[PDB]
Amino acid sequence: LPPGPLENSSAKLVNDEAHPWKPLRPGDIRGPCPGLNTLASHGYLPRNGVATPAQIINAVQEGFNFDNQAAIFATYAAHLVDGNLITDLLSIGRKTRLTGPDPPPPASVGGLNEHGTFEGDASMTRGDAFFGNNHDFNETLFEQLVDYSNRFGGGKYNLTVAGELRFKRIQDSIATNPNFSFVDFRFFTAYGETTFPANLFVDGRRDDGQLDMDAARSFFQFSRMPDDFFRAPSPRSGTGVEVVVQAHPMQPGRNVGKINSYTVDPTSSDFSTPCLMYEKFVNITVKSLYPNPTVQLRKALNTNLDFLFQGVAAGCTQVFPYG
């Protein structure tokens, strides 16, 4: 079952003796999410980068104080499109045999590195998949985050910096990635993720939304908590996303096979239709990976879809693609 919220959500030392940072061993998997990467590299998750949904939810709550609803939605969304529903295992990065025997095509079980399922374009510190690598830390892009932090954050990353950098990344992808896609689930996650460094990488004794560049580099590049790192003092995820959107409001869309051809998709959900984002994720994304599942895969799908729905905000109607 999905874990429930923390019994004690106060700030505390999370870079503690039981969770030391260690470097990667051969075969250890890290991916496009610096949160999950850091949790693996401190042993909140298995250090090889392969984990169950329940392990992921427990780790994001205990290590960073990610809120329960957000943890459940993100984890089950990722597992449904990128994980192995029979073995209950998800890679936090590249596709691996460690998640078990694969289901039939068209399901990919490609881990979090799979482009266009959860991962997508205009990431802050990772390049678009079209440019060859959607998962490793990118120094040029991080130096641009440092530059935007120096320009709009007084040297720190905050929500003002997030608003400017989010737009700059979208504009850069429009100008250079002929396959740029910015609709539905990615449209939502691309905005929320820009608040996470300000809300979750800032030491919880301060919780001031001002992330220093030493801490930023430690998390984004080395999957490493600063020495003496205290997690946030309460559960949260995307608080302040409205500031990022307000800086440069965008409509969902995509380049249409050429640079500078950004075309709005009226069938995409946006922030006016959050329930549509969930319904399309299940009815289109999940169903297309598993269009005619066998009995045991259907059961695992329905269970994980029920868990996903627990992370949906109230007032949406649950949808049942397999009955």
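The numbering used is simple: start at 1 and walk along the sequence shown.
Asker: Per the PDB record, is the mean Cα temperature factor higher over 96-104 or over 167-175?
Answerer: If you average the C-alpha B-factors of 167-175 and of 96-104, the larger mean comes out for 96-104.
Asker: Averaging only over Cα atoms, indicate whether 136-144 or 105-113 has the higher B-factor in the PDB entry.
Answerer: Result of the comparison: 105-113.
Asker: Taking the values straight from the PDB record, which of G63, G31, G257, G35 has the highest C-alpha temperature factor?
Answerer: The listed residue with the largest C-alpha B-factor is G257.
Asker: Among the choices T52, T285, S41, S269, identify the one whose CA B-factor in the record is greatest.
Answerer: Of the candidates given, the C-alpha B-factor peaks at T285.
Asker: Please place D88 in the lowest, middle or highest third of its chain by C-alpha B factor as given in the entry.
Answerer: Answer is highest: the recorded C-alpha B-factor places it there.
Asker: Comparing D212 with the other modelled residues of its chain, is its CA B-factor in the lowest, middle or highest third?
Answerer: Bottom third by C-alpha B-factor.
Asker: Divide the modelled residues of the chain into thirds by Cα B-factor and specify which third, lowest, middle or highest, holds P226.
Answerer: For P226, whose C-alpha B-factor we compare with every modelled residue in the chain, the answer is the middle third.
Asker: What third of its chain's C-alpha B-factors does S149 belong to: lowest, middle or highest?
Answerer: For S149, whose C-alpha B-factor we compare with every modelled residue in the chain, the answer is the lowest third.
Asker: Report the third (lowest, middle or highest) to which the CA temperature factor of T194 belongs, ranking only the modelled residues of the same chain.
Answerer: It belongs to the lowest third of the chain when residues are ordered by C-alpha B-factor.
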